[PDB]
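Novice: First the structure, then my questions, so here it is.
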Amino acid sequence: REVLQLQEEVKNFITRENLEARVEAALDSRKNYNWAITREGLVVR
Amino acid sequence: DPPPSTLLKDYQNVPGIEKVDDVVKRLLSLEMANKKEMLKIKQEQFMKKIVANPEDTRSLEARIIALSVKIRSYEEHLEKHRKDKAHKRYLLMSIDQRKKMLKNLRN
Amino acid sequence: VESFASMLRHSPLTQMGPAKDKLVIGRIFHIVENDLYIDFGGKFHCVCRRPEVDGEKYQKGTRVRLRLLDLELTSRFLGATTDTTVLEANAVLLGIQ
Amino acid sequence: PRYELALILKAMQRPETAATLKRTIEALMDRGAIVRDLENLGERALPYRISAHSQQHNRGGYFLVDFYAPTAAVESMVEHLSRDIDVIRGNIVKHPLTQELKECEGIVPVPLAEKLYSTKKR
Amino acid sequence: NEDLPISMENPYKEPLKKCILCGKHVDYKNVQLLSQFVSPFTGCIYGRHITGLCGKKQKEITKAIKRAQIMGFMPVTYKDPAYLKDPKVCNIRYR
Amino acid sequence: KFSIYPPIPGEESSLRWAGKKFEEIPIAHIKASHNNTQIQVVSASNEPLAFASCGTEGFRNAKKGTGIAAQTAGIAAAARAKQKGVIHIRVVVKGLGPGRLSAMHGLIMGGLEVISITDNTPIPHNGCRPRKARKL
Amino acid sequence: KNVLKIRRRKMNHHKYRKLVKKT
Amino acid sequence: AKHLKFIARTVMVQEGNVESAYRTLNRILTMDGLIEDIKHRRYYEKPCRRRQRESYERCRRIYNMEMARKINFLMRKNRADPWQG
Amino acid sequence: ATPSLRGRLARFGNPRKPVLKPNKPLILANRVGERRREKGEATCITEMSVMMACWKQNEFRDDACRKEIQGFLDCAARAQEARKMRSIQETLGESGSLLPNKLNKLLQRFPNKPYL
RNA sequence: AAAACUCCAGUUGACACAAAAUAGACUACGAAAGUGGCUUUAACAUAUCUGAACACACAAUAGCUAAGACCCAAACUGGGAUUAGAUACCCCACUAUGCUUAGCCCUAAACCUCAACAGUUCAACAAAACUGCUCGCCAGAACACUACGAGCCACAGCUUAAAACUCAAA
Ligand SMILES: [Mg+2]
Ligand SMILES: [Mg+2]
Ligand SMILES: [Mg+2]
Ligand SMILES: [Mg+2]
Ligand SMILES: [Mg+2]
Ligand SMILES: [Mg+2]
Ligand SMILES: [Mg+2]
Ligand SMILES: [Mg+2]
Ligand SMILES: [Mg+2]
Ligand SMILES: [Zn+2]
């Protein structure tokens, strides 16, 4: 069952052909890893 | 000295290695992973070559081959790092224990 | 005849359980200028401070309702082979009767 | 095993940034890497001033990439990134989620130790 | 006989305390969370007694802080003035 | 409501001084030591405005490292600053010393307005090896 | 505890060093 | 140096309360544990007697915390003797 | 709040090395350290400073130094009366902190025991 | 206080083979010595115990050999103060050296002075008393971390280690 996840993800993995579009899509998009937490333990962004 | 392209120890019983992509086969090849998987493959090879009952780690011969593979690992580490005295001591003690258990098995 | 095990199993304390944050009614037996000692249940009496509000209405036999934290205040310190005690119990009141 | 390159470039425009990125991933593939994904953290003014190979930089562009490669490729790419001029910094690291978190049962209360000094009058 | 006690576990046992993030995950990129656990004026990170979390998480976050500082995600002297406007967890007294 | 932290060049700073923004305010730098203290005033763009010290005021070996001399130097520097047309000042203090606290009060008695105080004292993270321990 | 014996040893070692320096 | 100026270890004066500002600065520096570090870096501290001093400080903190626990736990009892006889 | 001391000392059952090496035995005693002075009195520094200022301004002219000289006298007087007031304050008892002698009385009423 | 520097001092901008605050009130790893900046790699023995001072391998700091490195500190040295004198504690400058390489030396209060292994609940002080097995060591003080002998890349060294005379103590 574990093999199945990274199996289908190969198509998600970029290549020499998908690069010329994934690079642009990623640099146009934005991503953030930051997130805080309160006294109880509830996440807040 | 097993080949690099040989997939990991765990991913052998699965029958999906034939239809799976060559990129996945390369990813699962032990050359990507550390030397631990290489020595695992070596241990399995020795167990299948010599031992009558495989996957029996409690056996003296299994312990001996494990220590021999570890000895080769330490020897390579030392020829790449002539100065690692900790690994030097470990190699010496490993060969001593190997001689000890060889005597016991001979008895 | 009644067995002591049965009296324990039906006792008020076995059903009381932990004393932390549990209401209970009690009365006083001795009182000082600024404080009063309530006998409520179990072994020890709990000390308390007279509130400026309703301070006049505190005399012998007064039934006051209050919570509590423990039944005996103790603590084991660094060189304490056995825990030391205070011979009291912390209890705070928020109403009477 | 998995490897994340956290990289910070100097502030410049999309065409040359894309050129740098494609050249870098080409170097990855040359070393034999397999790229998992690319993530743009965004453009930010780096916290403290630094000194590049020949100048100083008060801003930067944060990128990250996740890939798979053997070991030698690691230091080969490190020296590649050091030789590259327009790249401010780049660091290879392992992946955190690859190391499964040990199951936690919470904080245990530590009782005060005793019997350190034997009983006597002193 | 039946009224006698029996060998039995403690049901009154309250669940073991878990820190703010005993189960959650942390990485050197969550600069917001990593700067939540540091003094804003000096920039030096607080200890366990001030923070209120387990040693494993403390070690993880301090190592991540060092990594971020050295690579460039974080400064060392001054806490980021953009992330201090966040919930205050670590107890203090000077204010 | 008051913010103890200082403003940032990035907006927004809702507090000015003499109708001026925080950054362009002149900055005073003082270096404290067990033996002596040195004071100086500079513009926001590093133009050296004023400079004085206990030595220039005429304090000798033992007496340079005192608070009275520090506050006198502060008085002098404040006089020079107001002569040159300086009212407000951002304080910067560097290191320990007797006259550390005294120089600021000297400036105040001179008649300047301190807005903030930053202690940019040297802190090595195990960088160099200091002197050996002397036996008093 | 007392260190008189090791002071004796100290003096002996010092004198021996001086002796070898002379000879 | 490379870091920005006038952010860290600063205090904004209000109503010209320079004494309060400086006192708060010293207080925060001590709670962060700095001035001790400056006076330790002034003259060199050998590793051995450094470790000795630090172990002594740890033990002192432990003893003081235990005595403070006892004090805070028994100060409630310090009251007028209710039972004379 | 207190840090634990499981295996920090040199005990026979502890395999590893010791963390601590306390010179004196680590036991809570029934005697508390009595307080101590903080520093030596100093005051009127700014007063005498402005006094010397107006002195060197007016060549030792009392009718001109009046302000500085009176302020200095008043500050010294206030310092003396404050010393007396805080002395009687320490004698009658410091508020907010408990006194050593009565703390010791309480501790001997509720003493620690290392022994049984 | 003196001597010393003013090619001095302060802000600002650029810069290291140097040592790695805070975390750390944490007690983890390594057989031990030791190890607490960051990253990667390799890797952290033995699933009965003991066990070589006839061997093997490590072994802090210091020191030696030949190249290099120069922020800082500093033996030695020189100068200035103190002192009756100061070949020292105080102050200033610099060097071996502390650092990186390829070797050597193999010593410590190398002590937590408490041996490994499997277990249990009283001399004094110290860190409570003990059981079973095993190795090593000890037998009045001092002469003695000594002489002689033997081995060592060591040559003012290291390891092993007595003897003669003296005393009633130590
Ligand atoms: Mg001692
Ligand atoms: Mg520390
Ligand atoms: Mg050397
Ligand atoms: Mg040198
Ligand atoms: Mg040691
Ligand atoms: Mg020994
Ligand atoms: Mg043994
Ligand atoms: Mg010797
Ligand atoms: Mg010899
Ligand atoms: Zn936790």
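Naming scheme: A, B, ... for chains in displayed order of the structure tokens; residues 1 onward per chain; ligands 1 onward as shown.
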Run DSSP on the backbone and tell me which residues of chain G come out as alpha helix (DSSP H); list them as a PDB file with N, CA, C and O atoms, in the first residue's frame.
Specialist:
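This is the output file part02.pdb:
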```
ATOM      1  N   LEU G   4      50.807  17.084  53.507  1.00  0.00           N
ATOM      2  CA  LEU G   4      52.209  17.217  53.888  1.00  0.00           C
ATOM      3  C   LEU G   4      53.074  16.201  53.157  1.00  0.00           C
ATOM      4  O   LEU G   4      54.202  16.508  52.750  1.00  0.00           O
ATOM      5  N   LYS G   5      52.567  14.983  52.983  1.00  0.00           N
ATOM      6  CA  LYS G   5      53.351  13.956  52.309  1.00  0.00           C
ATOM      7  C   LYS G   5      53.571  14.308  50.846  1.00  0.00           C
ATOM      8  O   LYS G   5      54.672  14.122  50.310  1.00  0.00           O
ATOM      9  N   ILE G   6      52.544  14.833  50.178  1.00  0.00           N
ATOM     10  CA  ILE G   6      52.737  15.204  48.788  1.00  0.00           C
ATOM     11  C   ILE G   6      53.574  16.466  48.673  1.00  0.00           C
ATOM     12  O   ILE G   6      54.218  16.676  47.648  1.00  0.00           O
ATOM     13  N   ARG G   7      53.611  17.306  49.710  1.00  0.00           N
ATOM     14  CA  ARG G   7      54.567  18.410  49.707  1.00  0.00           C
ATOM     15  C   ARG G   7      55.991  17.890  49.829  1.00  0.00           C
ATOM     16  O   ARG G   7      56.913  18.418  49.196  1.00  0.00           O
ATOM     17  N   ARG G   8      56.187  16.862  50.650  1.00  0.00           N
ATOM     18  CA  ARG G   8      57.478  16.188  50.704  1.00  0.00           C
ATOM     19  C   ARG G   8      57.867  15.663  49.327  1.00  0.00           C
ATOM     20  O   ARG G   8      59.003  15.845  48.870  1.00  0.00           O
ATOM     21  N   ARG G   9      56.924  15.010  48.649  1.00  0.00           N
ATOM     22  CA  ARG G   9      57.192  14.511  47.304  1.00  0.00           C
ATOM     23  C   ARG G   9      57.494  15.653  46.344  1.00  0.00           C
ATOM     24  O   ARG G   9      58.365  15.535  45.474  1.00  0.00           O
ATOM     25  N   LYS G  10      56.771  16.763  46.484  1.00  0.00           N
ATOM     26  CA  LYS G  10      57.002  17.941  45.662  1.00  0.00           C
ATOM     27  C   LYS G  10      58.430  18.437  45.817  1.00  0.00           C
ATOM     28  O   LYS G  10      59.130  18.695  44.829  1.00  0.00           O
ATOM     29  N   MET G  11      58.872  18.588  47.063  1.00  0.00           N
ATOM     30  CA  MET G  11      60.223  19.067  47.313  1.00  0.00           C
ATOM     31  C   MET G  11      61.258  18.094  46.771  1.00  0.00           C
ATOM     32  O   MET G  11      62.271  18.510  46.194  1.00  0.00           O
ATOM     33  N   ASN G  12      61.023  16.792  46.939  1.00  0.00           N
ATOM     34  CA  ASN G  12      61.973  15.814  46.418  1.00  0.00           C
ATOM     35  C   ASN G  12      62.069  15.899  44.901  1.00  0.00           C
ATOM     36  O   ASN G  12      63.169  15.851  44.337  1.00  0.00           O
ATOM     37  N   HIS G  13      60.931  16.034  44.224  1.00  0.00           N
ATOM     38  CA  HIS G  13      60.938  16.119  42.769  1.00  0.00           C
ATOM     39  C   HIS G  13      61.636  17.389  42.301  1.00  0.00           C
ATOM     40  O   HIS G  13      62.394  17.368  41.323  1.00  0.00           O
ATOM     41  N   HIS G  14      61.403  18.497  43.001  1.00  0.00           N
ATOM     42  CA  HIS G  14      62.064  19.750  42.653  1.00  0.00           C
ATOM     43  C   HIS G  14      63.574  19.626  42.798  1.00  0.00           C
ATOM     44  O   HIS G  14      64.337  20.032  41.909  1.00  0.00           O
ATOM     45  N   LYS G  15      64.025  19.063  43.918  1.00  0.00           N
ATOM     46  CA  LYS G  15      65.455  18.899  44.128  1.00  0.00           C
ATOM     47  C   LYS G  15      66.059  17.960  43.096  1.00  0.00           C
ATOM     48  O   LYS G  15      67.187  18.172  42.642  1.00  0.00           O
ATOM     49  N   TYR G  16      65.324  16.921  42.701  1.00  0.00           N
ATOM     50  CA  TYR G  16      65.841  16.002  41.693  1.00  0.00           C
ATOM     51  C   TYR G  16      65.982  16.690  40.345  1.00  0.00           C
ATOM     52  O   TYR G  16      66.963  16.471  39.623  1.00  0.00           O
ATOM     53  N   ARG G  17      65.002  17.514  39.980  1.00  0.00           N
ATOM     54  CA  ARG G  17      65.108  18.274  38.740  1.00  0.00           C
ATOM     55  C   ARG G  17      66.322  19.193  38.770  1.00  0.00           C
ATOM     56  O   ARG G  17      67.093  19.257  37.805  1.00  0.00           O
ATOM     57  N   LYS G  18      66.511  19.919  39.874  1.00  0.00           N
ATOM     58  CA  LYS G  18      67.697  20.765  39.994  1.00  0.00           C
ATOM     59  C   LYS G  18      68.976  19.941  39.891  1.00  0.00           C
ATOM     60  O   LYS G  18      69.960  20.369  39.270  1.00  0.00           O
ATOM     61  N   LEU G  19      68.977  18.753  40.491  1.00  0.00           N
ATOM     62  CA  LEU G  19      70.165  17.910  40.488  1.00  0.00           C
ATOM     63  C   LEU G  19      70.516  17.470  39.075  1.00  0.00           C
ATOM     64  O   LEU G  19      71.685  17.503  38.672  1.00  0.00           O
ATOM     65  N   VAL G  20      69.514  17.045  38.306  1.00  0.00           N
ATOM     66  CA  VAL G  20      69.793  16.641  36.934  1.00  0.00           C
ATOM     67  C   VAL G  20      70.184  17.848  36.100  1.00  0.00           C
ATOM     68  O   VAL G  20      70.976  17.727  35.161  1.00  0.00           O
ATOM     69  N   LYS G  21      69.649  19.025  36.417  1.00  0.00           N
ATOM     70  CA  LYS G  21      70.069  20.217  35.691  1.00  0.00           C
ATOM     71  C   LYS G  21      71.545  20.491  35.920  1.00  0.00           C
ATOM     72  O   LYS G  21      72.263  20.888  34.995  1.00  0.00           O
ATOM     73  N   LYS G  22      72.018  20.278  37.148  1.00  0.00           N
ATOM     74  CA  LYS G  22      73.430  20.503  37.435  1.00  0.00           C
ATOM     75  C   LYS G  22      74.307  19.418  36.823  1.00  0.00           C
ATOM     76  O   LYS G  22      75.398  19.706  36.320  1.00  0.00           O
TER      77      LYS G  22
END
```
Novice: Identify, on the basis of only C-alpha atoms (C1' of nucleotides), every residue whose closest approach to segment 76-81 of chain E does not exceed 10 Å; exclude the query and any residue fewer than 6 positions from it along the same chain; express the result as a PyMOL selection string.
Specialist: (chain D and resi 47-48) or (chain E and resi 31-32+34-45+65-66+68-70) or (chain F and resi 5-8) or (chain H and resi 1+3-9)
Novice: What lies within 8 Å of segment 47-55 of chain E using only C-alpha atoms (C1' of nucleotides), ignoring chain neighbours under 6 positions off, as JSON, numbers by chain?
Specialist: {"D": [107], "E": [19, 20, 21, 22, 37, 89, 90, 91, 92], "I": [1], "J": [23, 25, 26]}
Novice: Identify, on the basis of only C-alpha atoms (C1' of nucleotides), every residue whose closest approach to segment 19-32 of chain B does not exceed 6 Å; exclude the query and any residue fewer than 6 positions from it along the same chain; express the result as a count of residues only.
Specialist: 6
Novice: Find the residues in chain D near chain B: any atom within 8 Å counts, using only C-alpha atoms. Write them as a ChimeraX atom specification.
Specialist: /D:1,68-70
Novice: Please identify the residues whose atoms come within 9 Å of ligand 6, using only C-alpha atoms (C1' of nucleotides) and all ligand atoms, and report them as a PyMOL selection string.
Specialist: chain J and resi 110-111+113
Novice: Let me see the file: selected residues, N, CA, C and O atoms (P, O5', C5', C4', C3', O3' and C1' of nucleotides), as a PDB file, in the first residue's frame.
Specialist:
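Output contents, as saved in out.pdb:
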```pdb
ATOM      1  P     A J 110      42.656  14.820  38.017  1.00  0.00           P
ATOM      2  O5'   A J 110      43.515  13.872  37.073  1.00  0.00           O
ATOM      3  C5'   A J 110      43.504  12.468  37.265  1.00  0.00           C
ATOM      4  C4'   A J 110      42.919  11.748  36.080  1.00  0.00           C
ATOM      5  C3'   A J 110      42.741  10.251  36.239  1.00  0.00           C
ATOM      6  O3'   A J 110      41.584   9.904  36.972  1.00  0.00           O
ATOM      7  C1'   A J 110      43.750  10.692  34.162  1.00  0.00           C
ATOM      8  P     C J 111      41.568   8.557  37.841  1.00  0.00           P
ATOM      9  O5'   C J 111      40.546   8.882  39.014  1.00  0.00           O
ATOM     10  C5'   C J 111      39.152   8.976  38.751  1.00  0.00           C
ATOM     11  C4'   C J 111      38.470   9.948  39.681  1.00  0.00           C
ATOM     12  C3'   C J 111      38.446  11.399  39.206  1.00  0.00           C
ATOM     13  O3'   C J 111      37.231  12.020  39.612  1.00  0.00           O
ATOM     14  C1'   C J 111      39.551  11.276  41.280  1.00  0.00           C
ATOM     15  P     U J 113      35.856  12.138  44.816  1.00  0.00           P
ATOM     16  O5'   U J 113      37.180  11.275  44.634  1.00  0.00           O
ATOM     17  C5'   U J 113      37.175   9.871  44.865  1.00  0.00           C
ATOM     18  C4'   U J 113      38.231   9.169  44.049  1.00  0.00           C
ATOM     19  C3'   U J 113      38.398   7.681  44.342  1.00  0.00           C
ATOM     20  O3'   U J 113      38.720   6.982  43.142  1.00  0.00           O
ATOM     21  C1'   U J 113      40.436   8.801  44.756  1.00  0.00           C
TER      22        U J 113
END
```
Novice: Which residues in chain A does DSSP call strand (DSSP E)? List them as a ChimeraX atom specification.
Specialist: /A:36-37,43-44
Novice: So how far away is atom CA of residue 88 of chain B from atom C1' of residue 58 of chain J, in Å?
Specialist: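 Spanning atom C1' of residue 58 of chain J to atom CA of residue 88 of chain B is a straight-line distance of 9.3 Å.
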Novice: List as a list in words the protein and nucleic acid residues lying within 9 Å of ligand 8, with only C-alpha atoms (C1' of nucleotides) and all ligand atoms counted.
Specialist: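 Within the 9 Å cut-off, the matching residues are residues 13 of chain G; 107, 108, 145 and 158 of chain J.
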Novice: Output the selection as a PDB file, in the first residue's frame - C-alpha atoms (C1' of nucleotides) for each residue.
Specialist:
```pdb
ATOM      1  CA  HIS G  13      60.938  16.119  42.769  1.00  0.00           C
TER       2      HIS G  13
ATOM      3  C1'   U J 107      52.641  11.619  31.456  1.00  0.00           C
ATOM      4  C1'   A J 108      47.874  14.093  35.489  1.00  0.00           C
ATOM      5  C1'   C J 145      57.524   9.382  41.051  1.00  0.00           C
ATOM      6  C1'   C J 158      59.134   7.672  30.453  1.00  0.00           C
TER       7        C J 158
END
```
Novice: Wanna dump the chain H-segment 55-79 of chain C contacts at 10 Å for me, each residue with its shortest atom pair and the distance in Å to one decimal, counting only C-alpha atoms, ordered by chain and number, as a Markdown table?
Specialist:
```
| residue | atom | partner | partner_atom | distance |
| --- | --- | --- | --- | --- |
| H:62 | CA | C:78 | CA | 9.0 |
| H:63 | CA | C:78 | CA | 8.1 |
| H:66 | CA | C:77 | CA | 6.6 |
| H:67 | CA | C:77 | CA | 8.5 |
| H:69 | CA | C:77 | CA | 8.3 |
| H:70 | CA | C:77 | CA | 7.5 |
| H:73 | CA | C:75 | CA | 8.4 |
| H:74 | CA | C:73 | CA | 10.0 |
```
Novice: Please produce a file of the residues just selected, as a PDB file, in the first residue's frame, where the atoms kept are N, CA, C and O atoms.
Specialist:
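As a result, result.pdb now contains:
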```
ATOM      1  N   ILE H  62      18.738  25.657  43.471  1.00  0.00           N
ATOM      2  CA  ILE H  62      17.902  24.576  43.990  1.00  0.00           C
ATOM      3  C   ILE H  62      17.553  24.833  45.450  1.00  0.00           C
ATOM      4  O   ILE H  62      16.388  24.745  45.862  1.00  0.00           O
ATOM      5  N   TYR H  63      18.569  25.136  46.258  1.00  0.00           N
ATOM      6  CA  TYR H  63      18.343  25.371  47.678  1.00  0.00           C
ATOM      7  C   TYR H  63      17.397  26.542  47.895  1.00  0.00           C
ATOM      8  O   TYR H  63      16.473  26.464  48.716  1.00  0.00           O
ATOM      9  N   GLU H  66      13.794  25.577  46.993  1.00  0.00           N
ATOM     10  CA  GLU H  66      13.166  24.729  48.001  1.00  0.00           C
ATOM     11  C   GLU H  66      12.801  25.533  49.242  1.00  0.00           C
ATOM     12  O   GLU H  66      11.701  25.377  49.796  1.00  0.00           O
ATOM     13  N   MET H  67      13.705  26.402  49.693  1.00  0.00           N
ATOM     14  CA  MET H  67      13.392  27.223  50.853  1.00  0.00           C
ATOM     15  C   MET H  67      12.247  28.180  50.559  1.00  0.00           C
ATOM     16  O   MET H  67      11.438  28.465  51.445  1.00  0.00           O
ATOM     17  N   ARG H  69       9.757  27.516  48.461  1.00  0.00           N
ATOM     18  CA  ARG H  69       8.568  26.675  48.539  1.00  0.00           C
ATOM     19  C   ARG H  69       8.124  26.513  49.985  1.00  0.00           C
ATOM     20  O   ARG H  69       6.941  26.676  50.306  1.00  0.00           O
ATOM     21  N   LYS H  70       9.067  26.210  50.878  1.00  0.00           N
ATOM     22  CA  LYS H  70       8.714  26.067  52.289  1.00  0.00           C
ATOM     23  C   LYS H  70       8.155  27.367  52.854  1.00  0.00           C
ATOM     24  O   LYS H  70       7.166  27.357  53.600  1.00  0.00           O
ATOM     25  N   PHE H  73       4.738  28.027  51.602  1.00  0.00           N
ATOM     26  CA  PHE H  73       3.817  27.005  52.072  1.00  0.00           C
ATOM     27  C   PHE H  73       3.480  27.152  53.545  1.00  0.00           C
ATOM     28  O   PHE H  73       2.410  26.704  53.972  1.00  0.00           O
ATOM     29  N   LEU H  74       4.363  27.767  54.331  1.00  0.00           N
ATOM     30  CA  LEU H  74       4.155  27.882  55.765  1.00  0.00           C
ATOM     31  C   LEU H  74       3.872  29.297  56.246  1.00  0.00           C
ATOM     32  O   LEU H  74       3.544  29.472  57.425  1.00  0.00           O
TER      33      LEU H  74
END
```
Novice: Using only C-alpha atoms (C1' of nucleotides), which residues sit within 7 Å of residue 118 of chain F once same-chain residues fewer than 6 positions away are excluded, as number ranges by chain?
Specialist: F: 91-93; H: 6, 9-11
Novice: Write a file of the selected residues as a compact mmCIF listing (two decimals), in the first residue's frame, keeping N, CA and C atoms.
Specialist:
```
# COMPACT_ATOMS: atom_id res chain seq x y z
N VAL F 91 19.73 57.90 21.94
CA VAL F 91 20.88 57.55 22.77
C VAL F 91 21.40 56.18 22.37
N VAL F 92 22.72 56.02 22.44
CA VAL F 92 23.38 54.74 22.23
C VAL F 92 24.48 54.63 23.27
N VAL F 93 24.44 53.58 24.07
CA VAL F 93 25.39 53.36 25.15
C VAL F 93 26.12 52.05 24.88
N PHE H 6 19.23 50.10 16.02
CA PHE H 6 18.15 50.69 16.82
C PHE H 6 16.89 49.81 16.78
N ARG H 9 17.76 45.57 22.14
CA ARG H 9 18.19 46.17 23.40
C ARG H 9 18.00 47.68 23.38
N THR H 10 16.77 48.10 23.08
CA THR H 10 16.38 49.50 23.05
C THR H 10 15.22 49.73 24.02
N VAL H 11 14.97 51.01 24.30
CA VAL H 11 13.82 51.42 25.10
C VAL H 11 13.36 52.78 24.59
```
Novice: Neighbours of ligand 7 at 9 Å or closer, counting only C-alpha atoms (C1' of nucleotides) and all ligand atoms: which residues, as a PDB file with N, CA, C and O atoms (P, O5', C5', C4', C3', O3' and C1' of nucleotides), in the first residue's frame?
Specialist:
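Below is the file pocket-v7.pdb, written as the result:
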```pdb
ATOM      1  P     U J  50      32.294  -9.027  31.283  1.00  0.00           P
ATOM      2  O5'   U J  50      33.313  -9.741  32.275  1.00  0.00           O
ATOM      3  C5'   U J  50      33.395  -9.348  33.635  1.00  0.00           C
ATOM      4  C4'   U J  50      34.429 -10.151  34.382  1.00  0.00           C
ATOM      5  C3'   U J  50      35.828 -10.120  33.793  1.00  0.00           C
ATOM      6  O3'   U J  50      36.551  -8.980  34.222  1.00  0.00           O
ATOM      7  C1'   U J  50      35.218 -12.357  34.334  1.00  0.00           C
ATOM      8  P     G J  51      36.966  -7.824  33.187  1.00  0.00           P
ATOM      9  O5'   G J  51      38.489  -8.144  32.859  1.00  0.00           O
ATOM     10  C5'   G J  51      39.393  -8.485  33.897  1.00  0.00           C
ATOM     11  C4'   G J  51      40.151  -9.742  33.562  1.00  0.00           C
ATOM     12  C3'   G J  51      41.012  -9.678  32.311  1.00  0.00           C
ATOM     13  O3'   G J  51      42.277  -9.088  32.538  1.00  0.00           O
ATOM     14  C1'   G J  51      39.687 -11.624  32.243  1.00  0.00           C
ATOM     15  P     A J 115      35.490   0.278  43.593  1.00  0.00           P
ATOM     16  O5'   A J 115      34.990   0.195  42.085  1.00  0.00           O
ATOM     17  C5'   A J 115      35.711   0.833  41.043  1.00  0.00           C
ATOM     18  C4'   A J 115      36.056  -0.129  39.936  1.00  0.00           C
ATOM     19  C3'   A J 115      34.924  -1.022  39.456  1.00  0.00           C
ATOM     20  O3'   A J 115      34.049  -0.377  38.548  1.00  0.00           O
ATOM     21  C1'   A J 115      36.841  -2.336  39.833  1.00  0.00           C
ATOM     22  P     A J 116      32.514  -0.841  38.448  1.00  0.00           P
ATOM     23  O5'   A J 116      32.573  -2.170  37.577  1.00  0.00           O
ATOM     24  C5'   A J 116      33.057  -2.130  36.245  1.00  0.00           C
ATOM     25  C4'   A J 116      33.047  -3.494  35.606  1.00  0.00           C
ATOM     26  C3'   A J 116      31.742  -4.265  35.697  1.00  0.00           C
ATOM     27  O3'   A J 116      30.781  -3.848  34.743  1.00  0.00           O
ATOM     28  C1'   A J 116      33.533  -5.688  36.266  1.00  0.00           C
ATOM     29  P     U J 134      36.179 -17.044  43.141  1.00  0.00           P
ATOM     30  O5'   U J 134      36.610 -16.033  41.990  1.00  0.00           O
ATOM     31  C5'   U J 134      36.670 -16.469  40.642  1.00  0.00           C
ATOM     32  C4'   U J 134      36.915 -15.331  39.682  1.00  0.00           C
ATOM     33  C3'   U J 134      38.157 -14.492  39.927  1.00  0.00           C
ATOM     34  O3'   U J 134      39.347 -15.110  39.471  1.00  0.00           O
ATOM     35  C1'   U J 134      36.331 -13.072  39.485  1.00  0.00           C
ATOM     36  P     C J 135      40.736 -14.862  40.239  1.00  0.00           P
ATOM     37  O5'   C J 135      41.318 -13.557  39.540  1.00  0.00           O
ATOM     38  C5'   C J 135      41.552 -13.542  38.142  1.00  0.00           C
ATOM     39  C4'   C J 135      41.754 -12.143  37.616  1.00  0.00           C
ATOM     40  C3'   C J 135      42.847 -11.326  38.282  1.00  0.00           C
ATOM     41  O3'   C J 135      44.142 -11.643  37.804  1.00  0.00           O
ATOM     42  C1'   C J 135      40.897 -10.012  38.084  1.00  0.00           C
ATOM     43  P     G J 136      45.408 -11.559  38.788  1.00  0.00           P
ATOM     44  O5'   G J 136      45.603 -10.000  39.032  1.00  0.00           O
ATOM     45  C5'   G J 136      45.844  -9.120  37.947  1.00  0.00           C
ATOM     46  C4'   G J 136      45.824  -7.681  38.392  1.00  0.00           C
ATOM     47  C3'   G J 136      46.634  -7.361  39.637  1.00  0.00           C
ATOM     48  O3'   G J 136      48.019  -7.212  39.393  1.00  0.00           O
ATOM     49  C1'   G J 136      44.501  -6.389  39.831  1.00  0.00           C
TER      50        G J 136
END
```
Novice: Using only C-alpha atoms (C1' of nucleotides) and all ligand atoms, which protein or nucleic acid residues are at most 10 Å from ligand 3, as a list in words?
Specialist: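 Written in the requested form, the residues are residues 62, 63, 64, 97, 98 and 99 of chain J.
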